[PDB]
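Take a look at this single chain in structure tokens; it is the form deposited in one PDB entry.
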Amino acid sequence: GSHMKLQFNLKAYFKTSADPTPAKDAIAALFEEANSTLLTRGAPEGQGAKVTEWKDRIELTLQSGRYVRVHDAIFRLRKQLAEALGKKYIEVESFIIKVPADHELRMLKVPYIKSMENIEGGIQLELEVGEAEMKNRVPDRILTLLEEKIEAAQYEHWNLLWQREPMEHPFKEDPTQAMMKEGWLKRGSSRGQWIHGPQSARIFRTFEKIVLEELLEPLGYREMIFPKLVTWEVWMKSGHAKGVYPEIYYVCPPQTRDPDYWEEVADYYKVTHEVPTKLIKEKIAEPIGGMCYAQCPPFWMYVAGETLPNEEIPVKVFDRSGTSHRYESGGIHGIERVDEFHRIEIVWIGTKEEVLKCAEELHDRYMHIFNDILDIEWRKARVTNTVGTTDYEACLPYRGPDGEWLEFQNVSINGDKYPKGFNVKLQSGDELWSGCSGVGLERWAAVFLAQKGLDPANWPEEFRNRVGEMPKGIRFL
């Protein structure tokens, strides 16, 4: 990358009640003392913050690197002066950060950034920041945002862990097409949405039974019920509020229950037989969030701001109380790529060691299920130390010998992300980790039916015993 030094520069003056004249001697010497003592704390040798110069007002220029940054050193200076002047005897002029980068960057529509100029070694930012913004650690977040943008300009890494021996593929139809023709399901009215008739529902329910009996029970997972409408509060706390916006379906409550407010809408429909979506948008409130997207984030409201007794971890829970929603890539797909899906979401919390242990245990169960019960062809891969996702992929014969495999299962180790995000401590004081694993029912079905067909006689014995006698569908004329 670039080796240009990360530099902060601050020019401001302290608000003084009394006139800086008898203090002239006292202020000069204790700035010197701050340079050798106070501003060293929290920085490797020599890399401490520094006051370059100082002149009604007490104006100064202040310089730092990445440690003891200018905007937090000034508060260290504010408290030291307070005890020096008060008992005996902040207005910012400029804020500049210099940030290392190879490539040029665009001008950003970002709050608190007055100007952005490209320089030798990277970018120079000028911040529109006062006292409150500094206390709120705004420049740290601008730096973080800018660093994210910088390394993104420098632009997947996929690593194979285990693969099953190839098997024969006597069935080559698209299971969705097959299911449609045989009366298993139909397209729902919304995009990427399906209505499942008795036969398809049965498959979904049998996978559910499999997860419960072969995984969730033997490992001691307890059922909870997670909320499905998800608020900004949750997504702020989970981090989804940093970028999830393009993928979600937004939710708006009505501004009021008042019949009269809504009369114009009902009236419009009565006369035109058209829904006035334009007018309705005006009358609905701002979005409160969206429909369930990742599924686990809203659970963390259950433990938010709490301390778990060591007795209570590992916490091992799951949810299967409703639907998830994602705005997928346009153009139609089958059940392999839906907008409305049904997931069993599995969440575990404990120490670092316990989370890794739990992940490994789930991996063993998935292997048993896919090999011995479903008897499908699959592999797993890690996406590029233990923090990250392991993906399960399977070939869909109808896509041909060279087609993309389908992602149908995940296990994620999330580190301290969620405990930190939702503020969940452990009573012993050790750092809490978490993990999660989502069983996408549509995906299991897409994989199993593409490989095995819609005919129970050709399904593995172990699967047939769990389905029972298939129900009949709804026959039409």
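One-based numbering along the sequence shown.
Among the other PDB entries of this protein that were compared and that flank it with modelled residues, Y398 is modelled in all, so it is never left out in a third of them.
Notably, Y155 is an intermittent gap: at least a third of the other compared entries of this protein, restricted to those modelling both its neighbours, have no coordinates for it. Per the record, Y89 and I90 are separated by a gap of 4 to 9 residues from the deposited sequence that were not modelled. The entry shows a gap from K55 to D56, with 1 to 3 unmodelled residues of the deposited sequence in between.
The next section is about a form of this same protein that is not shown, the form solved in complex with a small molecule.
Residue-level contacts in the entry with it bound: of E214, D102, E223, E407, one residue has a heavy atom within 4.5 Å of the small molecule, and it is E407. None of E328, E131, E312, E128 but one reaches within 4.5 angstroms of the small molecule in the entry with it bound through a heavy atom, and that residue is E328. Listed stretches are 304 to 312, 178 to 186, 104 to 112, 330 to 338; the contact stretch with the small molecule in the entry with it bound is 330 to 338, by a heavy atom cutoff of 4.5 Å. At a distance threshold of 4.5 angstroms between non-hydrogen atoms, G438 is in contact with the small molecule in the entry with it bound. For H363, no non-hydrogen atom is located within 4.5 Å of the small molecule in the entry with it bound, even though that partner is not displayed. In the entry with it bound, the small molecule sits within 4.5 Å of a heavy atom belonging to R343.
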